[PDB]
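[1] Compute the structure for the input listed below.
(one chain, ligands or ions: 2)
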Amino acid sequence: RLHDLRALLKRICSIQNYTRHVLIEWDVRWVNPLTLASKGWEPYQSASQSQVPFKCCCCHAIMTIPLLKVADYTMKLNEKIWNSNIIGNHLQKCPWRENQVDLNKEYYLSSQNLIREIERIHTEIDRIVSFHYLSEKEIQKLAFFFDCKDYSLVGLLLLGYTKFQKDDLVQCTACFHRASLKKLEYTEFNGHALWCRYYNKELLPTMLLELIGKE
Ligand SMILES: [Zn+2]
Ligand SMILES: [Zn+2]
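    Numbering: from 1, shown residues only. Ligands and ions are numbered 1, 2, ... in the order given. Right below this line is the structure:
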């Protein structure tokens with residue numbers, strides 16, 4: 001399937017993985033791991049200090065993202081790259097040229113896919129039994145809805161994270177940034193990319209609370 005969520009997520013994850021040893025100036029609209037993945041692009045080879053190559057999973061066509069050490073022309077350049085490379089480099093009849101994953105429907109939060117977040121949180125809690133930024137009033141209700149006594153775990157999962165290593169590392173499920181639990185203890189620090197589903201921390205808990213009020 002072209003719009004399969006799991007394939008999109010794995011493309012995003014691989015892009016983030018091979019980009020870790022490099023700093024890239026993404027933008028929320030034109031060029032970012034999300035838009036690349038939504039257009040079927042996967043990492044092709046290891047990126048040099050100057051350019052990051054990608055290959056289409058159907059075409060096998062190659063595109064490249066430049067690197068510079070910047071803010072003056074990022075917008076115009078990235079819009080050009082989106083039109084000419086992320087779309088253009090596709091072969092004429094490749095499905096990814098004229099089609100794109102519906103990110104609003106499948107990736108970003110909506111009332112029709114909030115249940116997936118509920119499932120994720122419940123599954124994480126079950127696998128465990130097997131971060132305060134909301135009012136005590138609110139976290140009480142959120143923890144109650146998930147039948148969980150550990151408020152901090154509920155908050156952490158509401159931030160979209162999941163444990164990564166035996167170490168203090170924790171990884172986001174939608175943008176795959178890595179943060180230390182020590183960082184998130186008593187800090188406003190937002191570890192998400194600007195384009196992440198969870199970048200606005202209050203969005204998911206707010207939708208969940210509004211859902212609670214309607215039951
Ligand atoms: Zn293609
Ligand atoms: Zn994230």
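[2] And the helix or strand encompassing residue 97, what does it pack against?
    Here residue 97, judged by DSSP states H and E, is contained in helix 95-98. Judged by 3 or more CB pairs under 8 Å, 6 or more residues apart in numbering; DSSP states H and E, helix 95-98 has no packing partners among the helices and strands. From N, CA and C alone the C-beta is placed, and that goes for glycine too.
[3] nearest residue to residue 131 other than its sequence neighbours?
    residue 155 (4.0 Å; CB to CB, 6 or more residues apart in numbering).
[4] Residue of the protein closest to ligand 1, please.
    Per CB to the ion, the residue of the chain with the smallest distance to ligand 1 is residue 59, at 2.7 Å.
[5] Quick one: residues contacting that residue.
    Taking CB atoms under 8 Å, 6 or more residues apart in numbering as the criterion, residue 59 is in contact with 40, 89, 90, 91, 94, 96.
[6] Let me have those in TSV, extended by neighbour count and distance to ligand 2.
    Output for the contacts of residue 59, formatted as TSV (neighbours: other CB atoms under 10 Å; distance: CB to the ion, whole Å):
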residue	neighbour count	distance to ligand 2
40	26	21
89	21	27
90	22	27
91	13	32
94	17	29
96	22	24
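[7] restrict these to those near ligand 1?
    90, 94, 96 (CB under 5 Å from the ion).
[8] ok, now how distant is the closest residue to residue 56 other than its chain neighbours from residue 174?
    Using CB to CB, 6+ apart and skipping the chain neighbours, the partner closest in space to residue 56 is residue 40 (5.2 Å). Distance, residue 40 to residue 174, using CB to CB, to the nearest Å: 19 Å.
[9] Repeat that for residue 100.
    18 Å.
[10] Same check on residue 28?
    14 Å.
[11] Compare the two (neighbour count), which wins?
    residue 174 (22 against 13; other CB atoms under 10 Å).
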